[PDB]
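Same protein, same chain, two forms; see structure 1 and structure 2 below, as structure tokens.
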Structure 1
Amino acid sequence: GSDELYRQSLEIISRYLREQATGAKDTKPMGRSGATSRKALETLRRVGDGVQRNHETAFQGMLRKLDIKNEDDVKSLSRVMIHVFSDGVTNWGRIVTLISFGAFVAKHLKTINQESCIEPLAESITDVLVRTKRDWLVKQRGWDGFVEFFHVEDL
């Protein structure tokens, strides 16, 4: 057996956070369910880049409040993400906003240290989403439902 939903989620989230932090796209192709993962990653680029641009002042404010000191300093962010969902509401708008702020934190990490790693961050986001909303994600057909919910044109 295996946890393919976790694997696929971490790959999409890690890829987006890495390319956002480094400014360079990763060329090696994706693994299992590459079609969905590619479209999902493209959807995240289109939507998530817009969320960051359109809320950049609020995002900077949030960064200031969290005062993230290094690549391992993600416990408060984890608590925030759990808190976001603690009213019992789950939807793709909330999820893409958390991933978008993740990419914003990733760029921040690079400003304070060029050698900063993004894996601790991507894992903390992936953990909240996949572990605490596993069955919701499955019911929505995972990243296919993500692609379909935003239905970006000319992917």
Structure 2
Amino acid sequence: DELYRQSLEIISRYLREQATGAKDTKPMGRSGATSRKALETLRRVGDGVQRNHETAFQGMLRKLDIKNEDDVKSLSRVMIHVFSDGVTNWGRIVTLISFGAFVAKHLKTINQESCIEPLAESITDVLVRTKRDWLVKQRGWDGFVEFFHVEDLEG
């Protein structure tokens, strides 16, 4: 399952990078060039979403009351409720992943770093396993990179 593997790698790296503040130096697996550009895109676009919606992000986190492994496990049900049961577009996918990074940073601050990788698997599961058809039709991560591509300015 190339799409799942690639999705997991991108999502995991972003969540880990966000939580630790350090870049992972290990090579990407398959389709490395696209995965690199996807991660760079998430860095640009996800960071903005977290700031543009700072108050709501803090509010949702407080509402979820995330303390440990059991609470982190319960998030899949909530992701299905909120994300899967709605329209699909790249903006909503970025918000899914960006709030994931927001949760990962919370896990770091409460010294629950070990829950970050399971969280990343949970997000990947919801995204790929409920929206595969849409993702394929939109050209997957290549489509993601193309969608958010910014032209160089003249002059």
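The term rigid core refers to the maximal set of C-alpha atoms that superpose within 1.5 Å between the two forms. Along the sequence of structure 1, residues get numbers from 1 upward.
In the core-superposed comparison between the two structures, the C-alpha atom of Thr27 has shifted by less than 2 angstroms.
Residue displacement note: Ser86 has its CA displaced by at least 2 Å between the two structures (rigid core superposed). The Cα shift for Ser37 between the two structures, taken after rigid core superposition, is smaller than 2 angstroms. Relative displacement of the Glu71 Cα between the two structures on rigid core alignment is 4.3 Å.
CA movement of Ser116 between the two structures equals 3.4 Å, with the two forms superposed on the rigid core.
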